[PDB]
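Everything on this sheet refers to the single structure shown next.
Here the Cβ is made from the backbone with ideal geometry for all residues, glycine too, and neighbour counts use every protein chain on show. FYI, it's all coordinate maths here, none of it is from the lab.
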Amino acid sequence: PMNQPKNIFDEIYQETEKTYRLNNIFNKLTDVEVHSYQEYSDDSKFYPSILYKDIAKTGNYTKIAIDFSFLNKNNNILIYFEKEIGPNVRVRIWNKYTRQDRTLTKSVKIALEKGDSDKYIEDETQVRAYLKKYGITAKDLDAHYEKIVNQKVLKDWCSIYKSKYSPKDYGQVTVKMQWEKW
């Protein structure tokens, strides 16, 4: 009552924190696997991480995941996904909702595949050079975000939880997009 969700990301965060030790709400979503990974700050605890199953991934999308950080000072949900954009190169679109300032920050990174390993690139100038090389515009980034975050991840949430929000009306949330002027 005192701390009801103010937007769809609060709703996901709070219902997952309420259920992840008892019977994770995402057990209800058949397209994903639920994982438990060791918390860095408390050796006695695990955080939940959601990974879309291969059956549930489309076209060039290689990964779709939701990580929950409940224990740290900048606690948050992170929804991210990755798509191949050229030979040995993937774009990663990174959408982090920070609880303490009710802010969703959308950003773009690059992964370079060098055989076994990935090398990760986040510096804005380098990222934009890769995007320009492979012809990815800000409008393309919006379309990828709409397709995966709104039409898949958040639509999936609304299929397992009776949301007070929706993929087209997030609620009260400050949205900051790295590529807004690109």
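When segment 46-71 is examined, which residues are found to be among the polar types (S, T, N, Q) and farther than 17 Å from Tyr20 by Cα?
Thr58, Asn60, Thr62
Within segment 147-167, is even one residue surrounded by 12 or more Cβ atoms within 10 Å (Cβ to Cβ), assigned to a strand (DSSP E or B) and polar (S, T, N, Q)?
The answer is yes, given that some residue of segment 147-167 is surrounded by 12 or more Cβ atoms within 10 Å (Cβ to Cβ), assigned to a strand (DSSP E or B) and polar (S, T, N, Q).
Condition check: over 27 Å from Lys181 (Cβ atoms) and outside any strand (DSSP E or B). Does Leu131 satisfy that?
No: the conditions fail for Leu131.
Based on this model, can you work out whether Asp123 counts as more than 22 Å from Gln14 (Cα to Cα) and either within 18 Å of the chain's Cα centre (by Cα) or among the aromatic types (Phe, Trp, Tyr) (or both)?
Against the criterion (more than 22 Å from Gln14 (Cα to Cα) and either within 18 Å of the chain's Cα centre (by Cα) or among the aromatic types (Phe, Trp, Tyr) (or both)), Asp123 does not qualify.
Inside segment 116-128, can you point out the residues that are in a loop (DSSP other than H, G, I, E, B) and surrounded by 12 or more Cβ atoms within 10 Å (Cβ to Cβ)?
The one that is in a loop (DSSP other than H, G, I, E, B) and surrounded by 12 or more Cβ atoms within 10 Å (Cβ to Cβ): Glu122.
For residues that are under 21 Å from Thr19 (Cβ atoms) and among the polar types (S, T, N, Q), scanning just segment 72-85, find the one that is surrounded by the fewest Cβ atoms within 10 Å (Cβ to Cβ).
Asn72
Taking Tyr37 as the residue in question, decide whether it is in contact with a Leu (Cβ under 8 Å, 6 or more places away or on another chain), under 22 Å from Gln14 (Cβ atoms) and assigned to a strand (DSSP E or B).
Here the answer is no, as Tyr37 does not meet what is asked.
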